[PDB]
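One file, coords.cif, is given below (mmCIF, C-alpha atoms; chains and numbers go by the auth columns).
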data_data
#
loop_
_atom_site.group_PDB
_atom_site.id
_atom_site.type_symbol
_atom_site.label_atom_id
_atom_site.label_comp_id
_atom_site.label_asym_id
_atom_site.label_seq_id
_atom_site.Cartn_x
_atom_site.Cartn_y
_atom_site.Cartn_z
_atom_site.B_iso_or_equiv
_atom_site.auth_seq_id
_atom_site.auth_asym_id
ATOM 1 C CA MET A 1 65.840 -105.849 22.619 0.00 4 Q
ATOM 2 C CA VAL A 2 62.629 -103.859 22.223 0.00 5 Q
ATOM 3 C CA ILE A 3 63.180 -100.176 21.506 0.00 6 Q
ATOM 4 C CA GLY A 4 60.752 -97.744 23.076 0.00 7 Q
ATOM 5 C CA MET A 5 61.407 -95.239 25.833 0.00 8 Q
ATOM 6 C CA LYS A 6 58.781 -93.590 28.007 0.00 9 Q
ATOM 7 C CA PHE A 7 59.813 -90.594 30.069 0.00 10 Q
ATOM 8 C CA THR A 8 58.299 -87.632 31.856 0.00 11 Q
ATOM 9 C CA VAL A 9 59.155 -83.975 31.480 0.00 12 Q
ATOM 10 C CA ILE A 10 57.932 -81.820 34.348 0.00 13 Q
ATOM 11 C CA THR A 11 57.279 -78.123 33.768 0.00 14 Q
ATOM 12 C CA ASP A 12 54.690 -75.466 34.758 0.00 15 Q
ATOM 13 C CA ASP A 13 52.241 -77.637 32.820 0.00 16 Q
ATOM 14 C CA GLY A 14 53.064 -80.407 35.272 0.00 17 Q
ATOM 15 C CA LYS A 15 54.449 -83.847 34.526 0.00 18 Q
ATOM 16 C CA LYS A 16 54.174 -84.475 30.806 0.00 19 Q
ATOM 17 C CA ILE A 17 54.183 -88.128 29.765 0.00 20 Q
ATOM 18 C CA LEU A 18 55.483 -89.002 26.318 0.00 21 Q
ATOM 19 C CA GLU A 19 57.045 -92.141 24.875 0.00 22 Q
ATOM 20 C CA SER A 20 59.350 -92.356 21.874 0.00 23 Q
ATOM 21 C CA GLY A 21 59.926 -95.524 19.862 0.00 24 Q
ATOM 22 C CA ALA A 22 63.551 -94.602 19.254 0.00 25 Q
ATOM 23 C CA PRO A 23 65.863 -93.904 22.240 0.00 26 Q
ATOM 24 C CA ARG A 24 67.115 -90.399 21.492 0.00 27 Q
ATOM 25 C CA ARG A 25 69.245 -87.639 22.973 0.00 28 Q
ATOM 26 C CA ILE A 26 67.950 -84.717 25.083 0.00 29 Q
ATOM 27 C CA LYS A 27 68.787 -82.346 22.231 0.00 30 Q
ATOM 28 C CA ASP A 28 66.607 -84.339 19.824 0.00 31 Q
ATOM 29 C CA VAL A 29 63.320 -84.037 21.696 0.00 32 Q
ATOM 30 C CA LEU A 30 64.339 -80.636 23.049 0.00 33 Q
ATOM 31 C CA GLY A 31 65.115 -79.444 19.528 0.00 34 Q
ATOM 32 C CA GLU A 32 61.895 -80.836 18.028 0.00 35 Q
ATOM 33 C CA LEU A 33 59.786 -78.849 20.489 0.00 36 Q
ATOM 34 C CA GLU A 34 62.589 -76.279 20.436 0.00 37 Q
ATOM 35 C CA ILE A 35 62.533 -75.501 24.132 0.00 38 Q
ATOM 36 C CA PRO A 36 65.063 -72.688 24.654 0.00 39 Q
ATOM 37 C CA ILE A 37 67.731 -74.048 27.000 0.00 40 Q
ATOM 38 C CA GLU A 38 68.823 -70.408 26.932 0.00 41 Q
ATOM 39 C CA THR A 39 66.133 -69.487 29.477 0.00 42 Q
ATOM 40 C CA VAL A 40 65.176 -72.822 31.055 0.00 43 Q
ATOM 41 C CA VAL A 41 67.083 -75.196 33.340 0.00 44 Q
ATOM 42 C CA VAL A 42 67.307 -78.872 32.412 0.00 45 Q
ATOM 43 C CA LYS A 43 67.489 -81.478 35.167 0.00 46 Q
ATOM 44 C CA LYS A 44 67.743 -85.254 35.095 0.00 47 Q
ATOM 45 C CA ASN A 45 65.975 -86.591 38.190 0.00 48 Q
ATOM 46 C CA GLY A 46 67.352 -83.533 39.986 0.00 49 Q
ATOM 47 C CA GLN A 47 70.850 -83.233 38.527 0.00 50 Q
ATOM 48 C CA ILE A 48 71.531 -80.332 36.174 0.00 51 Q
ATOM 49 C CA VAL A 49 72.506 -81.708 32.781 0.00 52 Q
ATOM 50 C CA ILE A 50 73.206 -80.369 29.322 0.00 53 Q
ATOM 51 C CA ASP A 51 71.358 -81.182 26.107 0.00 54 Q
ATOM 52 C CA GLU A 52 74.132 -83.582 25.126 0.00 55 Q
ATOM 53 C CA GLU A 53 72.879 -86.399 27.357 0.00 56 Q
ATOM 54 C CA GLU A 54 70.576 -89.175 26.156 0.00 57 Q
ATOM 55 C CA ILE A 55 67.017 -89.971 27.204 0.00 58 Q
ATOM 56 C CA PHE A 56 66.129 -93.328 28.735 0.00 59 Q
ATOM 57 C CA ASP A 57 62.977 -95.322 29.412 0.00 60 Q
ATOM 58 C CA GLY A 58 62.010 -94.322 32.923 0.00 61 Q
ATOM 59 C CA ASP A 59 64.084 -91.137 32.946 0.00 62 Q
ATOM 60 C CA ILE A 60 62.734 -87.943 34.513 0.00 63 Q
ATOM 61 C CA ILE A 61 63.470 -84.637 32.811 0.00 64 Q
ATOM 62 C CA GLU A 62 62.793 -81.685 35.086 0.00 65 Q
ATOM 63 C CA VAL A 63 62.649 -78.598 32.892 0.00 66 Q
ATOM 64 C CA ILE A 64 62.529 -75.680 35.277 0.00 67 Q
ATOM 65 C CA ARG A 65 62.383 -72.306 33.586 0.00 68 Q
ATOM 66 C CA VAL A 66 63.423 -69.620 36.042 0.00 69 Q
ATOM 67 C CA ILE A 67 61.075 -66.899 37.275 0.00 70 Q
ATOM 68 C CA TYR A 68 62.238 -63.351 36.494 0.00 71 Q
ATOM 69 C CA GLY A 69 64.701 -64.973 34.118 0.00 72 Q
ATOM 70 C CA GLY A 70 64.874 -62.349 31.412 0.00 73 Q
#

Let me see the structure of the file written as structure tokens.
Amino acid sequence: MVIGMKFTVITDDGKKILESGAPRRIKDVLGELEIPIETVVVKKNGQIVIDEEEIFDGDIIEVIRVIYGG
């Protein structure tokens, strides 16, 4: 109907609020900021997901980069 998704990504910076007019995939936004999934853990509302999943309006992306991970 109306396209426009607002979601929150939580990291060390805290909960980051950003909304995108086009409903995109994790990899899209992740790739644009290029956040290395190689060293950080991606969670959807708690569940560990890959960068192949899509983002939704009201979805919570918990990006938890691991301490002593390197």

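Comparing Q:9, Q:48, Q:33, Q:15 by their smallest distance to residue 69 (chain Q), the closest is Q:15 (using only C-alpha atoms).
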
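Residues in contact with residue 5 (chain Q) at 12 Å, where only C-alpha atoms are counted and same-chain residues fewer than 5 positions away are skipped, are listed as residues 23, 24, 25, 26 and 60 of chain Q.
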
Atom-to-atom span, CA of residue 8 (chain Q) and CA of residue 46 (chain Q), Å: 17.7 Å

Reference answer for the PyMOL selection byres ((chain Q and resi 61-68) around 7), as a VMD selection string: chain Q and resid 9 to 14 42 to 49 58 to 60 69 to 70

CA of residue 53 (chain Q) to CA of residue 41 (chain Q) measures 11.1 Å

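Picture a line from CA of residue 19 (chain Q) to CA of residue 38 (chain Q); it runs 14.0 Å.
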
Ranking Q:71, Q:55, Q:21, Q:16 by minimum distance to residue 40 (chain Q) and counting only C-alpha atoms, which one comes first? Q:55

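Closest approach to residue 22 (chain Q) from the set Q:39, Q:54, Q:7, Q:72 is made by Q:7, with distances taken over all atoms listed in the file.
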
Given the PyMOL selection byres ((chain Q and resi 57) around 6) and the file above, list the residues it selects as a PyMOL selection string. chain Q and resi 27-29+56+58
